[PDB]
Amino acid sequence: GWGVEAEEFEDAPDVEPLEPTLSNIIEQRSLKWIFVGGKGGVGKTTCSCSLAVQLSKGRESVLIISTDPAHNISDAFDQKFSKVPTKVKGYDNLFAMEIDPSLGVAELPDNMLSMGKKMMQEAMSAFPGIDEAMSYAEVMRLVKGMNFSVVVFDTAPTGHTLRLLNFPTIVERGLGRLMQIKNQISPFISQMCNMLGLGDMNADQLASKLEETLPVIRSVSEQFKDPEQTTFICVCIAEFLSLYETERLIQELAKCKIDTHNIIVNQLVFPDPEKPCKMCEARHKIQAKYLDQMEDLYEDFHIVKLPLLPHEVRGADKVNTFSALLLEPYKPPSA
């Protein structure tokens, strides 16, 4: 208000293209939610795993949540995983898990109360948007009560990741439907129990289930909009369709006020004078065209480049290799 514009004093520094690394992620000690999305398959999964490995060195404990329907995370680490997080081989801090596409909340984490729960879940089925958000909320409540220093999401290349990023909004809007479903199931539960089973205790259950999870949901909502605590990382390849979907994703992230400032372009081919390949030269021509378009348009991002690894490279070693190329830019193959 009273301060000088501060641009009078020393003119303006010149635009420096940001460093093609993810070190800005590491130095952000405040980050507790890191999403890794975009349209990618094995590359996106391996990138998220390499990010976790590098994060574990400077952090206290790191988690890996994979909502990708394909179980490529278990493949890459050379170790299988499941909903219960297990320690990764050779690392004390790393922990990882694999959530189902249905989020594994089909069974929530007497028999009359079980029937009432089954009635609730079945009625919620008729609203897949709200039910999906509730399953997101149960998962986030478990991971928050787990109390880890930072979590990395290997998200799905579909729009369900966008739903996950707006799950508190979906829950807040779906409160009316939830109360309606509760208001239609509770009297049947109470009537059935009293009239035929004497006990009325089952009616009191599920009352305080929504009285303490909601503050957690509101805190997560306030936490996602914070750039210091939440950031999105986009994975793509240097082709037109990938660039188009990337721009669409960034635009929808801006709409949701979810921050993103790191892009990963993988499967990049670099022609080598040794072992020539003409189709690699043509693919490089196309990649060069759209990577120039990216470096022009995305000057406000850290554009980390990753080369197409030879097909033989697999498992923890390609993870180890990527774990370095995300902090040191790859060197050209010109001997």
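We number the residues from 1 along the sequence you see.
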query: Relative to the deposited sequence, how many residues with no modelled coordinates occur between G145 and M146 (none, 1 to 3, 4 to 9, 10 or more)?
result: none
- prompt: Of 56 to 64 and 284 to 292, which one has the bigger average CA B-factor?
  reply: 56 to 64
- request: Decide which of the stretches 23 to 31 and 266 to 274 has the higher mean C-alpha B-factor, going by the entry.
  value: 266 to 274
- line: Per the deposited B-factor column, the C-alpha that peaks among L175, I181, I233, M192 belongs to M192
message: Highest recorded C-alpha temperature factor, please, choosing from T161, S242, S221, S102.
response: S102
statement: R248: CA B-factor among chain residues, third -> lowest
Relative C-alpha B-factor of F127, binned into the chain's lowest, middle or highest third: middle
CA B-factor ranking of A324, expressed as a third of its chain: middle
query: Ranked by Cα temperature factor within the chain, is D259 in the lowest third, the middle third or the highest third?
result: lowest
message: Please place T155 in the lowest, middle or highest third of its chain according to the CA B-factor in the PDB entry.
response: lowest
